[PDB]
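Chemist: Need coordinates for the following:
(6 chains)
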There are 6 protein chains.
Amino acid sequence: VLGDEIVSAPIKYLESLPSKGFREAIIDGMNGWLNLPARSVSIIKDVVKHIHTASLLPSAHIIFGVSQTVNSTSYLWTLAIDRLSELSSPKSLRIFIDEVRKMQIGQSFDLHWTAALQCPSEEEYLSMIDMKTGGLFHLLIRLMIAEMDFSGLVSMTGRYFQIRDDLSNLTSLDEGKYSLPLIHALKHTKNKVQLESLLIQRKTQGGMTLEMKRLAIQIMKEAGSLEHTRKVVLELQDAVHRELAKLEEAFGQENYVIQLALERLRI
Amino acid sequence: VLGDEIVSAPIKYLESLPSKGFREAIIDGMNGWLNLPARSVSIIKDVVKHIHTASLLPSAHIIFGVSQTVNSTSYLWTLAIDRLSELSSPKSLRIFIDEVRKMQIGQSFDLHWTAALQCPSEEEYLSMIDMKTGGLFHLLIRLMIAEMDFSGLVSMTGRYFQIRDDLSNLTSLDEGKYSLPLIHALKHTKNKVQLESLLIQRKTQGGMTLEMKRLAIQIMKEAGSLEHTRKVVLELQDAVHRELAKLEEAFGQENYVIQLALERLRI
Amino acid sequence: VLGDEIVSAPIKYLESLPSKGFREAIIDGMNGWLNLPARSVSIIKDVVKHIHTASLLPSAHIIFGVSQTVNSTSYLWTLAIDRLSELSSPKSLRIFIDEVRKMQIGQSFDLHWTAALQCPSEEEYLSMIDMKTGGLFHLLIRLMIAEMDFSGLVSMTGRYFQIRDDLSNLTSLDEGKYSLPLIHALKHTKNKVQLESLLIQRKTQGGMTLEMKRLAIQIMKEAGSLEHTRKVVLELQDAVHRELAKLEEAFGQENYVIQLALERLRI
Amino acid sequence: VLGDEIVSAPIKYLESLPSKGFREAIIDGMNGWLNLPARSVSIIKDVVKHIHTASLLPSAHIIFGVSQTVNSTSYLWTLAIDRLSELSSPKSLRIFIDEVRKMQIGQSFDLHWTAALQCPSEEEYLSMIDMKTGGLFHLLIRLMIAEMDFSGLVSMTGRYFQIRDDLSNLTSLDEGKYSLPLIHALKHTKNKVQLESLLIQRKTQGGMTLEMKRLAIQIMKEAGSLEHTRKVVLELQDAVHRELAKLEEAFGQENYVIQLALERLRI
Amino acid sequence: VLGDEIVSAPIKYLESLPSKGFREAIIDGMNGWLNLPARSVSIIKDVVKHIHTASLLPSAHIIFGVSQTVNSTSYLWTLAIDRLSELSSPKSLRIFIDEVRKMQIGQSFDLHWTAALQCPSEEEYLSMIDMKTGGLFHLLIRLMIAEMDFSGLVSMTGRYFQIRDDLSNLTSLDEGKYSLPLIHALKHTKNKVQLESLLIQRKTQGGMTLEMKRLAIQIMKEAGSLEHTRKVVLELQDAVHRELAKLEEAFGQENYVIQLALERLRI
Amino acid sequence: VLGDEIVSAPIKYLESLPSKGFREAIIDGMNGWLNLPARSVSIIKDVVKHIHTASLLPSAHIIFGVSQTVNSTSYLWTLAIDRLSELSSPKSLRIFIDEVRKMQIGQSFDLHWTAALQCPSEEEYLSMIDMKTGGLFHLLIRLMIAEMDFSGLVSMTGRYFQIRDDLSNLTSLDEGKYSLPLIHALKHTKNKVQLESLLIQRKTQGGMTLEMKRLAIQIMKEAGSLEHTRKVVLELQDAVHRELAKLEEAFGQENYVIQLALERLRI
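Modeler: Numbers count the residues shown, from 1 in each chain, chains lettered A, B, ... in the order given. Please find the structure below.
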């Protein structure tokens, strides 16, 4: 008899590291608007956690290797679908599979843009982040509804989260991911050749050094990208706050925890 | 609008390479016993092909990289579950998830034994290969029945296939996988230290050279492992042929294509 | 007293390897049209050889290292300018420097396109090869005249030489240079993602394997690129042959050695 | 139309980094003795800067790669010769080419001594540094005169600058260059085998560690090399100061800026 | 004429680094019980130092390379046997060779356990450390006696020294050696798979990082290994102190320097 | 109880590979001149075999690693001294240790010359090979005599063996060892810089390629080194044959097996 002690080790490792439960907060804040049993909420939380963990997969692949990490990712997919199988709604499978399909397509495009050293436009990047990030958000929304319109709020929340994380990473690069400040700088700078060469050498050497990071940040600063993205974040935050109010006026109630979660992520 | 042309590229590469359709032959030979519509057979074939391809995932990761390969593996899981969702039977999901769980557990143990340089016993290795290989076989069987006892035939077929492949690889090592001849040699040889050191150096250097392969093969030959495994294969072949007859006498019919498929893999 | 025995060793190494004297043939065939002393022809030959050798710089950098190769390249530049200083014409320096500037700009663009993994258009590639290849050719022409119009013949000869070399290399890849068949295939193929991934992995691993080369060649063949480039070569050959006639009818003489050199490079 | 935006990027990168204008100070201090128009002084400054930059070529080859750096070095040579072509004197080309030849020969010997792990004598090292360093200095002198005897002052200044830089680097190794303290230590030490092994291992590993650097510095200190080189620096400083006076008494004027530049480099 | 200045350099390098003369203290404290001439004591000290240095052979192999280190190890063996040849006793050779044989067998087993990633039992590890460490100790004892029973004191002293060093290293891993806390943790922990994977990845990558070291130390702490080994050390210290008394009562004298040496290593 | 199964594995591996028993032939041919018991001859053969094997230590370090190989080398030294301890002569230890000391010094010089990239002279190389090779030969001779003058015959035989092996290796490089043809070429060639650069790049890259080997052999051939070494081999062979006769006339007997062994190594 062989048990699930080896395949579940990376899963039990990355599911114990602390994290800010923004998705957990949204789950705990939306069941107030439409009432659901505690078991359904727990099932939805488990499914969302499994999907996010599988998206993530020191790093777990450093401790456990690559092949074991891939096997554990497949096991995570199986666990998530098994947990989803217990829901009462009969259309949960279609929602799950199509949202996961969208997330996977967005992730593939995000990987390909970085690998091929081709910079996307702002519109293409926004569409990609919409897919990749809001797939989980409106999977959550659809699963909760099945067991008003939420597309605009989901899109604004995903964009706000992503570009706010971009500012938190830069203002406060070594992976080569094309963020919004990098996209803006690559089209509004005089040292375009220098920035392109920096990206090419980062790809070649496998990473960037501290001096290269300082030079790239300086080139970004002289282009004014770090202010344009801050203005974008301010606009997105205002859009999210105004989108939440339109939903609050239709249900005849105010969510005092979703607003608290948003205030915990203020600018 | 972003399409599935990047995520599906690795999938469309290994699904075009030719292969011996032994599983396809079994599918085409078992629906003769119990009749099924062509659409159900096509769906089952697609599901089995997707599961096998995901198990597999020049190598595709050489052409497309590692991250893209993992993302395409997740996409393959989603495609397989979506295709399975069209079946008429209501218990297909449970069969699918538990068989895939067994396959993943077996694969995890197979990876861990090679990584940790610990040789399993013959019985434990046989149990592992039963899980890992026959999971797909009796997933196929259960899916066809849902839309007599088959456990013995599945177990014997999986073992026969695996150790026959081991002989085809050896008699006619660079990955470090523990086969049956290696397990027998490691317990019935005088140059145990030399074989252990060869395995350790293969792990350290990332591969084995031609001279090391010749030395390992000669050590195996001097221990008589290559004849013990041939006797095991002969016994397994006889067991499979005698197990098929017991099923043929209960359905009141003879399968002239499963027998042909087995004859195509004679010794 | 320190001599030039170390700096000149890489120079004396590649100046002894045999080569097809197409440029030497052009020099020996055009001075028939306009007569020059033997000393001027020898000086022009030496200058052209030095420039070509500097453009080139087992490989010499394998035997002598990288830094010594760069120092020897600078020594080649100094030797070429010193040899040019002995010419009677007073405008040789301007011709030399502007033609060398054109060659260097073309080489820089050729390097950058390969490094950045960005495919040029056919017009851009043709302009780049015009600069890079015909810079030496019409440097030769201008120096010989100084001591009719030749721009069309020079451009046609440079393009014919370059794409003929491309066909000779392909029909009869590991460096990543964007040739004409590759440019045509990248815009007229169905397996665009596979070809792009092959190029990316070639850049990442530092080279391509035999199986990858076979796959890329087969992808190019399925797109019909290898026939389009052959048609282009035939058109360029006809253009060169018709361009030579217009020059032959203006000088009132026929060159029986330039035609022989072209016939030595027939298709 | 292809421009010089890629080839000139490494040039425009290192021409903006700050540096101590000792050569600029010498140019601005010697034109006081013999008067020249501002345009000639600017041309000489540009030529000297281009030659020094080409000699140099985070590091620019880290940001831009190796091939682009070599192409930009060739572009620097072309730019320097083009700028020199505007001078009124007719013998500027010969001075330029022979001084550049001397510099290149000295650099070749300096590279070969380090590569071959053969320690030069003190006289050979002094001759090499004379060539390599004073080539630029008396190129500057000859170009300025063309548009008294200066050989002794140039030699003394070059030696003083080089060994002063050696002391500034050591007293206040990872490249393997044979300095004066290393040459003295290798012939006046008891741990000769240890020092030779340290140099060999530095060559093999590609660099030296902090502990190896401390051990080498301690071995040098125990041999008294760091005091012998300081005495040499003091003697060279006195020689330079006494050589400047002999020139000041022949022109009937005192240079109050060359003396200031020397005082900025006091011991 | 070729001298021993290259072969003896690593020997003269590692014999000058300071060390705590515990073995020297034991030698100086045991000749008080049985009187010996100063020449014999010096010879025994030299032999013991040579044996220990050969066991050891920045690291000397970093400065001098690998082959030179092996040749110097052989030279150390020759020097030790030559020094031993001057002793008056006729059975010194047999004692020397059999004790060195025991030391080499213990070292071989210690290397093999780490290389093969197989954890020994506590009893087997204790036997291995007995051989490997106490071989030198009771070689020293036998050599001094030849020129009461000491086996128990030697065994207890060797074990106390080894596990005390283990605590000094851990409490106050990158080589993969199996200590006592690691052995206890690997059999009394819940995260067995994580610890095994950490060891496997340490072997694969050639070393461990700071985060991996912290994780391993925390896993050991949660298992209570660091307290079990401290209790073991306390028991061993008490055993050594009680074993010394039994020897002190038979010779009718008290050693005031061996006791001081033990007090210098209190807990 | 831990046995000698791990430490003796490389010893039992390299002592089973076939070899031409030239030293065995000399032992079997010289005991005819002076009669010795079979046990003494067997002991001497075992000691010589152990010393040669320790000198040697696919390669055994490839199969078993480096640390295990060093431990087995130390075990070989212990085994050789233990076997020598059974001889009846009382001065065997001094002969053994001083001859082994000479061999080790010669090996150290041979390693250092290759590591430091410094070419020895012909006389110094001959002295080094005399030490390193004839140490074993006249250790054998002295051991047999203890249980006429043989220095000249031993020296001539060692030189003949070594240069014959070098000539056979070259005429019929990747390790960097300075042979006699290489030493002669480095002082009698025109492409000295090219050969030195080839050696430096061989050291840097860790080995030489086939084209580099062909180039080096061609440079050697153009220098006439391959004929000078053949003349040296012929002279050494004549010297050995004339030295054997002088010994044959003093013992009043002819050795019909030493002459056979020499004839088996004719030119």
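
Chemist: contacting residues for the spatially most central residue of chain A?
Modeler: Centroid-nearest residue in chain A: residue A:133, 4.0 Å away (criterion: C-alpha atoms, centre = their mean). The neighbours of residue A:133, taking C-beta atoms under 8 Å, 6 or more residues apart in numbering or on different chains as the test, are A:106, A:158, A:159, A:161, A:162. C-betas here are computed from N, CA, C, even on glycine.

Chemist: Verify the stated contact: the last one with residue A:130.
Modeler: No: under the criterion of C-beta atoms under 8 Å, residue A:162 lies out of contact with residue A:130, with a separation of 9.0 Å.

Chemist: closest point of the stretch 51-200 of chain A to chain F, which residue?
Modeler: residue A:65 (22.7 Å; C-beta to the nearest C-beta).

Chemist: Flag every residue of the stretch 151-267 of chain A that's near chain D.
Modeler: A:191, A:193, A:194, A:197, A:198, A:200, A:201, A:204, A:209, A:211, A:212, A:215 (C-beta under 8 Å from any C-beta of the partner chain).

Chemist: My guess is the first one contacts residue A:219. True?
Modeler: By that I understand residue A:191. Yes: between residue A:191 and residue A:219 there is a contact under C-beta under 8 Å: 5.6 Å.

Chemist: got the residues of chain A near chain E?
Modeler: Residues of chain A lying near chain E (C-beta under 8 Å from any C-beta): A:5, A:6, A:9, A:13, A:58, A:62, A:63, A:64, A:65, A:68.

Chemist: Just among these, which is most surrounded?
Modeler: residue A:64 (26 neighbours; other C-beta atoms under 10 Å in any protein chain shown).

Chemist: Would you mind confirming that it is in contact with residue A:11?
Modeler: No: applying C-beta under 8 Å, one finds residue A:64 not in contact with residue A:11, separated by 10.2 Å.

Chemist: Tell me where the stretch 51-200 of chain A has helices.
Modeler: Applying DSSP state H, counting those that start in this stretch to the stretch 51-200 of chain A gives helices spanning A:60-64, A:66-84, A:92-116, A:122-146, A:151-170, A:180-187, A:192-205.

Chemist: buried residues in the fourth one?
Modeler: Spelled out, that is helix A:122-146. Neighbour counts over helix A:122-146 (16 or more other C-beta atoms under 10 Å in any protein chain shown) mark A:125-144 as buried.

Chemist: Taking their axis directions, that helix and helix A:66-84 sit at what angle?
Modeler: With axes from the mean of the first three to the mean of the last three C-alpha atoms, to 10 degrees as the basis, helix A:122-146 and helix A:66-84 are set at 40 degrees to each other.

Chemist: How far does helix A:122-146 sit from its chain's centre?
Modeler: Centre-to-centre, helix A:122-146 and its host chain are 9 Å apart (C-alpha atoms, centre = their mean, to the nearest Å).

Chemist: Could you do the second one as well?
Modeler: Helix A:66-84 has its average C-alpha position 19 Å from the chain's average C-alpha position, going by C-alpha atoms, centre = their mean.

Chemist: Same check on the last one?
Modeler: When distances are taken as C-alpha atoms, centre = their mean, helix A:192-205 is centred 26 Å away from the chain's centroid.

Chemist: same check, this time on the fifth one
Modeler: Here helix A:151-170 is found 8 Å from its chain centre; the criterion is C-alpha atoms, centre = their mean.

Chemist: Ok, the shortest one next?
Modeler: Between the mean C-alpha location of helix A:60-64 and the chain-wide mean there is a distance of 22 Å, by C-alpha atoms, centre = their mean.

Chemist: Repeat that for stretch A:81-95.
Modeler: Distance, centroid of stretch A:81-95 to centroid of chain: 23 Å (C-alpha atoms, centre = their mean).

Chemist: Next, the distance between the ends of it.
Modeler: One end of stretch A:81-95 sits 12 Å from the other (C-alpha to C-alpha, to the nearest Å).

Chemist: Can you lay out the residues of chain A next to chain E as TSV showing distance to residue D:94?
Modeler: Output for the residues of chain A next to chain E, formatted as TSV (distance: C-beta to C-beta, whole Å):
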residue	distance to residue D:94
A:5	82
A:6	78
A:9	76
A:13	73
A:58	65
A:62	63
A:63	68
A:64	70
A:65	67
A:68	71
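
Chemist: got these as TSV, with distance to chain C columns?
Modeler: Below are the residues of chain A next to chain E laid out as TSV (distance: C-beta to the nearest C-beta, whole Å):
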residue	distance to chain C
A:5	36
A:6	31
A:9	30
A:13	29
A:58	24
A:62	21
A:63	25
A:64	24
A:65	21
A:68	24
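
Chemist: just those residues now: which is nearest residue C:77?
Modeler: residue A:62 (49.5 Å; C-beta to C-beta).
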